[PDB]
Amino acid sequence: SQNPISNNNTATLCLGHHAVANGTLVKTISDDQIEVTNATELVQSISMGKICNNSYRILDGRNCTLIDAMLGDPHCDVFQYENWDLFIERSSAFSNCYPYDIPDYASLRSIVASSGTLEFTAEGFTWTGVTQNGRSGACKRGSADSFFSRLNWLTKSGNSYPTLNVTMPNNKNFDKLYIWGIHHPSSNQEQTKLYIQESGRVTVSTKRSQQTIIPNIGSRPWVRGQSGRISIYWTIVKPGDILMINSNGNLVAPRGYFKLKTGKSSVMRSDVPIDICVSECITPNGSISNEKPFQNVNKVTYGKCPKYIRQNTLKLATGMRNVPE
């Protein structure tokens, strides 16, 4: 101009944008890094370190698995008639009953957890010519030898084990789930002395499905006083369908059925403790905040959760580019 004192009859009018002192770097299509006024984190990296029980109905398995609790293990009798949204399995859990294996244990674990209930109902299975309630020292309940509370170990009555045959029609409007099994003796003498016949057989069958499993007499590892085993199976009887159980030996009979539902429940393996709080997302690392759209805590989740990603941080700009003075 220069005129150190500006004139009365003219004016100046400048335009501009705001700014902050300490900005933050984001990534765009154009730039690798670029400073903005404020940004926000989209990836939940921090867990709460515990499971919140006030949102969804949680159930702690303690030292019992979902299958042990279902089967009816002596030290899992507290779990009778329980329903849940999320069952929790601990790493230190175990079995202290008769040693067993379940062909396709994973599929059975999936079906029970999804239904989300252990609602058992006993039924009047009329067994003819056999001794009910078999007991074992490997499975102790109280001050006596016992067995799985939802299973029935059938053995010979006198000097004869006749061919069993029983009916049980499903007259309800829901799916019944029967859990049954078969025994595997350690020697030929056990087989012959226990169930008379040299070879047992268990033909469970409906109008459409059938299952026949033959025993296999042989030595297995010593497990709580037993070198024998018991295999477990299941058959889902549909509304109107009829259950039939034919066997001439080695039958571990079912006492009743489980009520199956198209549930919205599940099971999870986690070792963190459960505590009083509110959270709608649950991972093996505890519950997490479900406000962020993504998370880097765990791929395994249950409930209203954000989507898992390999990135640990994604800054979304919530403001303009910052240009300090």
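Start at 1 and count along the sequence shown; that's the residue number.
Just going by the entry, 128 to 136 versus 99 to 107 on mean CA temperature factor gives the higher value to 128 to 136. When the C-alpha B-factors of 108 to 116 and 221 to 229 are averaged, 221 to 229 comes out higher. When the modelled residues of the chain are ordered by C-alpha B-factor, residue 273 sits in the highest third. Among all modelled residues in its chain, residue 234 ranks in the lowest third by Cα B-factor. Among all modelled residues in its chain, residue 53 ranks in the highest third by Cα B-factor. Annotation for residue 63: CA B-factor lies in the highest third of the chain's modelled residues. Per-chain ranking of the deposited C-alpha B factor places residue 173 in the highest third.
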